[PDB]
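Working notes, beginning with the structure itself.
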Amino acid sequence: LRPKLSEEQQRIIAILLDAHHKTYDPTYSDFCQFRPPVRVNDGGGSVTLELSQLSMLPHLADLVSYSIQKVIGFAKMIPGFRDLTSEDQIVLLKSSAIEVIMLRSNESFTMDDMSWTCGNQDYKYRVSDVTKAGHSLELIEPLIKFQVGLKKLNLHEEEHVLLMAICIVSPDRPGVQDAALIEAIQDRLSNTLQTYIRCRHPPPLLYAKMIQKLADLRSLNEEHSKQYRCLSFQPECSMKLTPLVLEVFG
Ligand SMILES: C=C1/C(=C\C=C2/CCC[C@]3(C)[C@@H]([C@H](C)CCCC(C)(C)O)CC[C@@H]23)C[C@@H](O)[C@@H](OCCCO)[C@@H]1O
């Protein structure tokens with residue numbers, strides 16, 4: 001059966017597309033405002049050297065902090081999110097921020113050279129730039145794999161914005177109080193996505209592939225948390241981060 005999208009489901013999709021267009025600048029025009037990227041000579045991928053310099057960390061921490069602000073704005077526009085308590089809104093935002101950043105970065109990700117290309121060569125991020133921010137291959141290589149797997153799903157922007165909304169409104173996040181209300185909001189979004197795929201997505205399992213990405217994101221989130229903890233032990237690291245980043249990942 002291929003039921004048509006209800007008027008409500010159509011409205012949810014319109015709101016989410018509008019929220020994404022207002023919070024995701026595909027020209028990356030604010031990037032000149034971040035602390036500049038610095039690429040030290042590290043052809044050897046030396047952990048000692050990367051931690052000593054953390055040359056890409058101020059730029060990527062500013063990029064991520066800016067992105068977290070955009071994700072907060074997006075989340076606030078998800079139909080039903082404002083019905084949650086302020087406490088549950090913050091729990092969901094803090095636990096999903098890194099996953100939504102990984103999802104939304106797929107728009108700048110390119111399979112041409114396996115990089116996140118945000119305009120000119122200065123704002124092109126490769127595996128080597130992430131190692132220069134203090135992260136290791138145990139996070140970066142599965143993250144690149146995830147990006148390619150997501151790129152190959154060829155999501156319609158409707159499916160992309162619904163996936164990010166479903167990711168944020170997850171009832172199984174530690175510390176959530178009203179799990180039943182969060183689950184009702186998520187089911188409303190999941191049914192919208194399932195209905196959209198069934199009547200708008202041409203041929204040639206897409207919903208199950210999208211739900212598998214959400215599970216992959218949990219593993220990536222856990223690895224990022226372990227790595228962030230290591231990064232945080234580096235003396236003077238806090239100055240290379242931002243107050244928002246420190247709070248979200250602390
Ligand atoms: C962020 C965005 C972009 C890329 C994301 C990347 C590439 C560099 C390395 C990142 C930032 C990974 C790092 C492992 C995270 C490390 C973080 C610390 C704190 C250092 O532990 C996770 C996501 C990866 C660019 C652009 O798509 C932004 O979208 C355009 C902007 C519209 O708002 C988006 O949001």
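The first residue of the sequence shown is numbered 1, and numbering continues consecutively from there. We use all heavy atoms of the structure for the numbers below, so side chains are in, but hydrogens, waters and symmetry mates are not.
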Regarding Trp116 and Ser108, do their side chains bring together a donor and an acceptor under 3.5 Å, going by distance alone?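 No pair is found: no donor N or O on one side chain lies under 3.5 Å from an acceptor on the other.
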
Pairing donors with acceptors under 3.5 angstrom, does anything connect the side chains of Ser55 and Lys132?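 Absent: no donor and acceptor within the cut-off.
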
Close side-chain approach of [X] and [Y], heavy atoms under 4.5 Å:
| X | Y | answer |
| --- | --- | --- |
| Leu189 | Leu16 | yes |
| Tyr207 | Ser190 | yes |
| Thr110 | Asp113 | yes |
| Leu54 | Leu231 | yes |
| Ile197 | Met210 | yes |
| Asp129 | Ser115 | no |
| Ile90 | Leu93 | yes |
| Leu246 | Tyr228 | yes |

Set of salt bridge (charged side-chain N to carboxylate O under 4.0 Å, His left out) partners for [X], sequence neighbours left out:
| X | answer |
| --- | --- |
| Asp112 | none |
| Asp122 | none |
| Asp187 | none |
| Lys209 | none |

Answer yes or no: is there a donor N or O on one side and an acceptor on the other, between the side chain of [X] and the main chain of [Y], under 3.5 Å?
| X | Y | answer |
| --- | --- | --- |
| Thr192 | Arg188 | yes |
| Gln227 | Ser136 | yes |
| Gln177 | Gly175 | yes |
| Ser52 | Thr48 | no |
| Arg2 | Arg198 | yes |

If I compare all heavy atoms of [X] with all of [Y], which pair ends up nearest, and what's the gap?
| X | Y | value |
| --- | --- | --- |
| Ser67 | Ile101 | CB-CG1, 3.8 Å |
| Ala61 | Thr242 | O-CG2, 4.0 Å |
| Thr23 | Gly73 | CG2-C, 4.1 Å |
| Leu217 | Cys167 | CD1-SG, 4.4 Å |

Checking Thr131 against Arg126 for the side-chain contact (heavy atoms from CB on, under 4.5 Å) test, could you report, in this order, the C-alpha distance in whole Å, the side-chain angles of both residues, the deciding distance, and whether it holds? CA-CA 9 Å; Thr131 62; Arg126 304 156 215 87; over 6 Å; no

Same cluster or not: [X] versus [Y], using hydrophobic residues (I, L, V, M, F, W, Y) connected whenever any side-chain heavy atoms lie under 4.5 Å apart?
| X | Y | result |
| --- | --- | --- |
| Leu214 | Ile185 | yes |
| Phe146 | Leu205 | no |
| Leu220 | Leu153 | yes |
| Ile182 | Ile72 | yes |
| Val71 | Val91 | yes |

To the nearest 0.5 Å, tell me how far [X] [atom1] sits from [Y] [atom2].
| X | Y | atom1 | atom2 | answer |
| --- | --- | --- | --- | --- |
| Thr195 | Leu5 | OG1 | CG | 6.0 Å |
| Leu241 | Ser65 | CG | OG | 9.0 Å |
| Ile12 | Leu162 | CD1 | CG | 8.0 Å |
| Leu193 | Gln9 | CG | CD | 10.5 Å |

Between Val127 and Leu137, does a side-chain contact (heavy atoms from CB on, under 4.5 Å) hold up when you go through it step by step? CA-CA 8 Å; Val127 170; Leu137 271 30; 4.1 Å; yes

Mind listing the side-chain donor-acceptor pairs of residues 77-85 below 3.5 Å, one per line with the distance, residues two or more places apart or on another chain?
from, atom 1, to, atom 2, distance (Å)
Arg82, NH1, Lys76, O, 3.0
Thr85, OG1, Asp88, N, 3.2

Assess whether salt bridge (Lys or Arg N to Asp or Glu O under 4.0 Å) is satisfied between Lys145 and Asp216, documenting all intermediate values. CA-CA 10 Å; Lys145 191 87 171 182; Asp216 296 344; over 6 Å; no

For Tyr66, give me all partners under side-chain hydrogen bond (donor to acceptor under 3.5 Å, both in side chains), at least two apart in sequence or on another chain.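 Listed in chain order: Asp30.
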
Steps toward side-chain contact (heavy atoms from CB on, under 4.5 Å) verdict (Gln147, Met114): CA-CA 9 Å; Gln147 292 304 321; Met114 305 297 166; over 6 Å; no

Using a strict cut-off of less than 4.0 Å between a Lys/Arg side-chain nitrogen and an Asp/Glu carboxylate oxygen, indicate whether [X] and [Y] qualify as a salt bridge.
| X | Y | answer |
| --- | --- | --- |
| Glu159 | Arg200 | no |
| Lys226 | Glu222 | yes |
| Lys213 | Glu99 | no |

Could you list the residues that satisfy side chain to side chain contact (heavy atoms under 4.5 Å, CB included) with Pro36, not counting sequence neighbours?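 Expected list: none.
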
Can you list the residues that meet the side chain to side chain contact (heavy atoms under 4.5 Å, CB included) rule with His21, with sequence neighbours excluded?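 With sequence neighbours excluded, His21 shows a side chain to side chain contact (heavy atoms under 4.5 Å, CB included) to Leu17, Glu157, given in chain and number order.
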
Verify side-chain contact (heavy atoms from CB on, under 4.5 Å) between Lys240 and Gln234, making sure each step is shown before the conclusion. CA-CA 10 Å; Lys240 299 180 180 69; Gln234 199 58 220; over 6 Å; no

Under the ring-ring contact (aromatic ring centres under 6.0 Å, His included) rule, what pairs show up with a residue in residues 122-144, not counting sequence neighbours?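 Qualifying pairs: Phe31-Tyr123, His59-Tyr123, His59-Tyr125, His135-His224.
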
Name all pairs fulfilling the ring-ring contact (aromatic ring centres under 6.0 Å, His included) condition that reach into residues 147-183, sequence neighbours left out, sorted by first residue then second.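 ring-ring contact (aromatic ring centres under 6.0 Å, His included) check on residues 147-183 returns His20-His160, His156-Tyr196, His156-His201.
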
Looking at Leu143, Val148, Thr117, which hits side chain to side chain contact (heavy atoms under 4.5 Å, CB included) with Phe109?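 Single side chain to side chain contact (heavy atoms under 4.5 Å, CB included) partner of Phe109 among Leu143, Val148, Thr117: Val148.
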
Pairs touching residues 42-67 that satisfy salt bridge (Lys or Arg N to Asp or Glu O under 4.0 Å), sequence neighbours left out: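 Salt bridge (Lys or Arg N to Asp or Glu O under 4.0 Å) check on residues 42-67 returns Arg35-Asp62.
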
Return each pair, listed once, that meets salt bridge (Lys or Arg N to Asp or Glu O under 4.0 Å) where at least one residue sits in residues 4-13; pairs must be two or more places apart or across chains.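 Non-adjacent pairs meeting salt bridge (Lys or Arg N to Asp or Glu O under 4.0 Å): zero.
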
Between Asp25 and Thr27, does the side chain to side chain donor-acceptor pair (under 3.5 Å) criterion hold? Intermediate values first, please. CA-CA 5 Å; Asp25 169 15; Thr27 75; 2.6 Å; yes

